[PDB]
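The structure appears below as structure tokens.
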Amino acid sequence: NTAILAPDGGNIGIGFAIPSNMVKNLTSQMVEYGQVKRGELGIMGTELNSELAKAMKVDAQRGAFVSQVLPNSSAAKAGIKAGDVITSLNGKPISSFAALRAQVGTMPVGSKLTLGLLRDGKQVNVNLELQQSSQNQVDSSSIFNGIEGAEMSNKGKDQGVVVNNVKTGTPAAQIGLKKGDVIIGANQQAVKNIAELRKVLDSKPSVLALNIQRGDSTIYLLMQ
Amino acid sequence: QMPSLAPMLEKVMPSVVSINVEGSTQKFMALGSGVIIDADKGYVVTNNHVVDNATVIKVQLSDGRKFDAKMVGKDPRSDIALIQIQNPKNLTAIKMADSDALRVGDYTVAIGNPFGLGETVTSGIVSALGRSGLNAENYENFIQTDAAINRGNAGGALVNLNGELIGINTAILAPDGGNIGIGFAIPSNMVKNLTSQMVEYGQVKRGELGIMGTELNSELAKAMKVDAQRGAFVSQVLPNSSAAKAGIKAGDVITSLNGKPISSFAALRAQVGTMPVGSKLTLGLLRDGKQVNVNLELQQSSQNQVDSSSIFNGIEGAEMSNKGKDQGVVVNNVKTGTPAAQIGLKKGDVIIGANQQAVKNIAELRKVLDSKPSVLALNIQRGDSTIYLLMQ
Amino acid sequence: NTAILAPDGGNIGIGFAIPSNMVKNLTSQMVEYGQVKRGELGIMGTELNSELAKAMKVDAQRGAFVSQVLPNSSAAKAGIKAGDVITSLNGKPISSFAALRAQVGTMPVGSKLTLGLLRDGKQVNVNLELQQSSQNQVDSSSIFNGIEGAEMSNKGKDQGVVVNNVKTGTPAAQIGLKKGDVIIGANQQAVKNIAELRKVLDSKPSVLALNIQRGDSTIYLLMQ
Numbered sequence: 225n226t227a228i229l230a231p232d233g234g235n236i237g238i239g240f241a242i243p244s245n246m247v248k249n250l251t252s253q254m255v256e257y258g259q260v261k262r263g264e265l266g267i268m269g270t271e272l273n274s275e276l277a278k279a280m281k282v283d284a285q286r287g288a289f290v291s292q293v294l295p296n297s298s299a300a301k302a303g304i305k306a307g308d309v310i311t312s313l314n315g316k317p318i319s320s321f322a323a324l325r326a327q328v329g330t331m332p333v334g335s336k337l338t339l340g341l342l343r344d345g346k347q348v349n350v351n352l353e354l355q356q357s358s359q360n361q362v363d364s365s366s367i368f369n370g371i372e373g374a375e376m377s378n379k380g381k382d383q384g385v386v387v388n389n390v391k392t393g394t395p396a397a398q399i400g401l402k403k404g405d406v407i408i409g410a411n412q413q414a415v416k417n418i419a420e421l422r423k424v425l426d427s428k429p430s431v432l433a434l435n436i437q438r439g440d441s442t443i444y445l446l447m448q
Numbered sequence: 011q012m013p014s015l016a017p018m019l020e021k022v023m024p025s026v027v028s029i030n031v032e033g034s035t082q083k084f085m086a087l088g089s090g091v092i093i094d095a096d097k098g099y100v101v102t103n104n105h106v107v108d109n110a111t112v113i114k115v116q117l118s119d120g121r122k123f124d125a126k127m128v129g130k131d132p133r134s135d136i137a138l139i140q141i142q143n144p145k146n147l148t149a150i151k152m153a154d155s156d157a158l159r160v161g162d163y164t165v166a167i168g169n170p171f172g173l174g175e176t177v178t179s180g181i182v183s184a185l186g187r188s189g190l191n192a193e194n195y196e197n198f199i200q201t202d203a204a205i206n207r208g209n210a211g212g213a214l215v216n217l218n219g220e221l222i223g224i225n226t227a228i229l230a231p232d233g234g235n236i237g238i239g240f241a242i243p244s245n246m247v248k249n250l251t252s253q254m255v256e257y258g259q260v261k262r263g264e265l266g267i268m269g270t271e272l273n274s275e276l277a278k279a280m281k282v283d284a285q286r287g288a289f290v291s292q293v294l295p296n297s298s299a300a301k302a303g304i305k306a307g308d309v310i311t312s313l314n315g316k317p318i319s320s321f322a323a324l325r326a327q328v329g330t331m332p333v334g335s336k337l338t339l340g341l342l343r344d345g346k347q348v349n350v351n352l353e354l355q356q357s358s359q360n361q362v363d364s365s366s367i368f369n370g371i372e373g374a375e376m377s378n379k380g381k382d383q384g385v386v387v388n389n390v391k392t393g394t395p396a397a398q399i400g401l402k403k404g405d406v407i408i409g410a411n412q413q414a415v416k417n418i419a420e421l422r423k424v425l426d427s428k429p430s431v432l433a434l435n436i437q438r439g440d441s442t443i444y445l446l447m448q
Numbered sequence: 225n226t227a228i229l230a231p232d233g234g235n236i237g238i239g240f241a242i243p244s245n246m247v248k249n250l251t252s253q254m255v256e257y258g259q260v261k262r263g264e265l266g267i268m269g270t271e272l273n274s275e276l277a278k279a280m281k282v283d284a285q286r287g288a289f290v291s292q293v294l295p296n297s298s299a300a301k302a303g304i305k306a307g308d309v310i311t312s313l314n315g316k317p318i319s320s321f322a323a324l325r326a327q328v329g330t331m332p333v334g335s336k337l338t339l340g341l342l343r344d345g346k347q348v349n350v351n352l353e354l355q356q357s358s359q360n361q362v363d364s365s366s367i368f369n370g371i372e373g374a375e376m377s378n379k380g381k382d383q384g385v386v387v388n389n390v391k392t393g394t395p396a397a398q399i400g401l402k403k404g405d406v407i408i409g410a411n412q413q414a415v416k417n418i419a420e421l422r423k424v425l426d427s428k429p430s431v432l433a434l435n436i437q438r439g440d441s442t443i444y445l446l447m448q
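Protein chains in written order, with the entry's author numbering: chain A, 225 to 448; chain A', 11 to 35, 82 to 448; chain A'', 225 to 448. A prime marks a further copy of an entry chain.
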């Protein structure tokens with residue numbers, strides 16, 4: 225259970241809950257890495273309402289309308305063309321674009337799926353492989369609790385935490401935290417990903433000794 | 011192996027629809089629900105307060121499809137309006153249940169569009185029968201339910217476990233516009249009468265018994281020495297009324313309508329106030345401790361209905377209504393500064409056609425207007441003369 | 225009839241009308257394309273008054289004085305040099321520069337004409353072929369009626385509408401309209417030029433589904 229439509233903070237008969245299949249994906253991911261590695265198909269879309277369906281001559285009042293596919297994206301390689309209507313994900317019919325998004329947006333990079341297409345009145349079946357992305361996640365604040373600054377995320381296999389983009393007046397960058405750094409350990413403990421990093425911080429040291437790598441050099445950032 | 015309303019709902023949901031309205035009286085948008093009553097013709101029932109004063113009404117099915125609908129009937133007193141989907145294709149109608157057989161302990165599921173979120177189904181039980189008093193001038197014999205009902209739900213369905221329609225959700229007691237466990241719906245037997253009437257005429261031809269009454273409470277029953285704490289107390293019968301001819305005398309307690317016991321005066325009113333002129337009914341009386349059975353024939357009336365505004369949408373002025381058999385629309389009473397009378401509309405006129413089309417009653421008249429001409433050429437009859445009133 | 229010199233909006237005996245030969249050109253063009261494809265000679269000019277004619281030693285008190293010809297322009301190739309006086313277009317004497325402009329500015333790209341020149345007291349006759357141009361025409365507002373934004377125009381043969389230059393805060397660019405786009409269809413109808421595009425819009429759809437091409441990709445822009 226997550227939220228409720230409700231004027232005057234009082235239940236009115238309308239409540240919402242994230243379905244369990246999403247919890248089972250998003251969750252297992254977190255267990256094994258500390259964050260969710262988001263995969264994308266690489267298509268731009270929009271809800272396929274009845275009006276747009278007339279303009280586009282498609283017998284379907286619901287589904288995901290493909291506005292355009294990105295170059296060198298999974299969808300591109302699979303053969304999805306703009307002006308396509310996605311109507312089903314893995315056998316399952318697709319309520320709308322929002323669901324389709326939430327569905328794959330919950331799957332891990334590399335998952336093998338199959339989309340049900342509808343181009344020019346003809347049914348279509350394609351096989352895709354979720355790929356990388358540019359997911360805006362885990363900010364230096366979600367792991368440091370208060371240290372505004374560059375965003376962070378895992379890196380390749382368990383290769384350590386990477387600092388995405390450092391702002392400017394953000395406290396994190398105010399301790400030598402520069403974008404491009406790769407936290408590979410902390411307080412004499414190896415950091416393969418965000419989970420482990422949060423483990424060292426869990427013990428609550430007085431001084432956090434970050435062992436990051438800038439270019440071809442090993443350096444150390446201190447904290448308190 | 012798990013009990014569920016799913017199976018019944020898979021069949022019934024296509025029958026319910028969401029309604030979007032655009033009007034003016082100042083521009084406004086409103087939203088509610090409706091129930092498909094006849095698949096072939098695309099008739100959709102709904103609260104009159106949802107589509108009232110609407111310049112444009114669009115119906116959206118559960119599958120996504122959108123259609124445009126035009127009005128065909130609307131009765132403010134009972135709050136039931138009947139619209140019709142233009143170009144109905146592959147619809148599902150709901151089958152109606154007999155609301156007189158509902159009992160308080162019964163289960164109910166309500167279907168509709170709360171806050172435009174979409175087709176929402178919520179459930180509960182019949183909390184009470186015969187509630188009335190919300191708006192003392194209207195006809196009300198509401199079914200009360202605790203299935204969640206909020207804004208958007210009006211015009212939606214209230215069905216029993218078998219999927220049959222028992223009512224149309226209309227209103228909710230509720231401080232701070234939020235459901236609290238108390239919702240009301242017009243029972244289905246009323247919808248089936250008020251509705252069929254509208255289909256065949258454009259308005260409801262109201263019949264009256266011709267008696268003055270009041271709720272028969274315990275106090276009045278002592279003063280009047282009657283063993284009954286509920287029922288309709290006859291204050292006086294009108295001269296030359298149906299009740300008069302039947303033999304009903306003042307100081308009578310009506311206790312049953314057609315075999316069915318009568319909760320109160322309000323119900324009795326709502327019951328017959330929903331039947332068409334000429335219907336044959338039988339009342340259960342109680343005069344001076346003795347039971348009585350009488351046969352009545354609902355007669356004419358002076359029902360204040362269909363104003364020149366409900367058919368012209370904005371043309372204030374004289375009220376209108378059918379006339380005898382399909383003889384055309386009659387203009388009841390023209391006001392003074394009302395726009396309608398400001399185009400030559402005088403009381404006593406009998407619109408017998410429009411734009412070279414015959415007008416037998418309000419339905420047909422609303423048909424010519426439906427096409428939306430630039431100039432409406434009314435062919436009315438004043439006294440022994442045929443005249444023409446122009447509009448734009 | 226187009227306009228009238230007249231103080232206090234009341235006819236005074238002076239009215240103006242576009243001549244018919246212009247209407248016959250500008251009009252036929254519009255019929256076959258939706259806009260007028262403007263051709264230019266590529267010369268800079270000015271009215272040749274009596275004063276300038278003395279300074280320039282030319283026996284002529286009226287005509288078009290060539291200030292300079294543009295490089296690689298029709299006039300350039302034809303042999304027109306600056307300091308030239310154009311005195312006639314296709315046999316017809318030329319009242320002034322303004323007329324000369326209006327004359328050719330009304331002819332379609334590719335028209336074959338011949339100019340009467342006057343360089344250093346000697347008469348001259350040259351043959352020209354109106355060429356392309358940079359004509360500022362049809363704005364995204366003349367076809368969308370209210371959609372401020374990039375200007376548009378035909379493209380080559382019936383190849384579709386091209387979006388000239390998108391501004392910034394203009395509503396058109398506020399729907400994904402970027403300069404360089406080539407509207408090649410709308411609502412499942414092919415758009416060869418502005419006329420056809422205005423045909424789809426004529427039916428007045430609820431949602432306009434533009435099928436444009438950005439670089440080597442086909443995309444779709446939605447409207448309402």
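Every residue gets a Cβ at the ideal spot worked out from N, C-alpha and C, and that includes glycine.
A direct Cα-Cα distance of roughly 24 Å separates A''/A419 from A''/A326. Judged by DSSP in its simplified three-state form, A'/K278 adopts helix.
Annotated three-state conformation of A'/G223 is strand, per DSSP. Residue contact check for A/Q355 against chain A'': no CB pair falls below 7 Å.
In this model, A'/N411 and A'/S335 are separated by some 35 Å (Cα to Cα).
Bridge partners of A/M268 according to DSSP: A/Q292. Within the DSSP secondary-structure output, A'/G168 pairs in a beta bridge with A'/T176. Just so you know, the alpha carbons of A/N389 and A/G400 end up roughly 13 Å apart. The beta carbon of A'/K402 lies closer than 6 Å to those of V390 in the same chain, with the five residues before and after it left out.
In the three-state reduction of the DSSP assignment, A'/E353 falls in the strand class, which pools E and B.
The CB of A''/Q412 comes closer than 7 Å to the CB of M280 and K281 in chain A, given here in chain order.
By the neighbour-count criterion, in which 16 or more other beta carbons inside 10 Å mark a residue as buried, A''/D363 falls on the buried side. Judged by their CB atoms, A'/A397 and A'/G370 are not nearer to each other than the 7 Å cut-off.
By the rule that beta-carbons nearer than 7 Å mark a contact, A''/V431 touches chain A.
For A''/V387, the enclosing beta strand (DSSP E) stretches over residues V385 to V387. Looking at the backbone, the Cα of A''/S377 and that of A'/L117 are separated by about 42 Å. Cα atoms of A'/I367 and A'/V107: separation of roughly 13 Å, rounded to the nearest angstrom. A/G329 has a beta carbon lying at 7 Å or more from every beta carbon in chain A'. When A/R286, A/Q361 and A/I310 are compared, the shortest CA-CA separation from A/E375 is found for A/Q361. One finds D232 and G234 in chain A' with Cβ atoms closer than 8 Å to the Cβ of A/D232, taken in chain order. Comparing alpha-carbon positions, the option among A/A230, A/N245 and A/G258 lying closest to A/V415 turns out to be A/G258. The shortest C-alpha to C-alpha distance from A'/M447 to any of A'/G439, A'/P395, A'/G404 and A'/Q437 is the one to A'/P395. Under a 10 Å Cβ-count criterion, A'/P170 is classified as buried, with 16 or more other Cβ atoms of the shown protein chains found around its own Cβ.
The distance from the Cβ of A'/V115 to that of A'/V27 is about 5 Å, consistent with a contact at the 8 Å cut-off. Residue burial is scored here from C-beta neighbours: A'/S298 has at least 16 other C-beta atoms within 10 angstroms and is therefore classed as buried. Taking a Cβ-Cβ threshold of 7 Å, none of the residues of chain A is close to A''/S366; the smallest such distance is about 22 Å.
Neighbours of A/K305 in chain A'', taken as residues whose beta carbon is under 9 Å from its own, are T442 in chain order. When DSSP states are grouped into helix, strand and coil, A''/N245 belongs to the helix group. The alpha-carbon separation between A'/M85 and A/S365 amounts to approximately 44 Å.
Taking a cut-off of 8 Å on C-beta distances, the segment 238-258 of chain A' touches the segment 193-211 of chain A', as three or more cross pairs fall below it.
Two segments are said to touch when three or more pairs of C-beta atoms, one from each, lie closer than 8 Å; by this definition the segment 285-305 of chain A' does not touch the segment 151-170 of chain A'.
One finds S441, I443 and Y444 in chain A'' with Cβ atoms closer than 7 Å to the Cβ of A/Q292, taken in chain order. Remark: fewer than three beta-carbon pairs, one from each stretch, lie closer than 8 Å, so the segment 135-145 of chain A' and the segment 263-275 of chain A' are not flagged as touching. In this structure, the alpha-carbon of A/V385 lies about 7 Å from that of A/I408. Collapsing the DSSP output to three states places A'/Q327 in a helix. Taking all protein chains in view, the Cβ of A'/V290 is crowded by 16 or more other Cβ atoms within 10 Å, so the residue is classified as buried.
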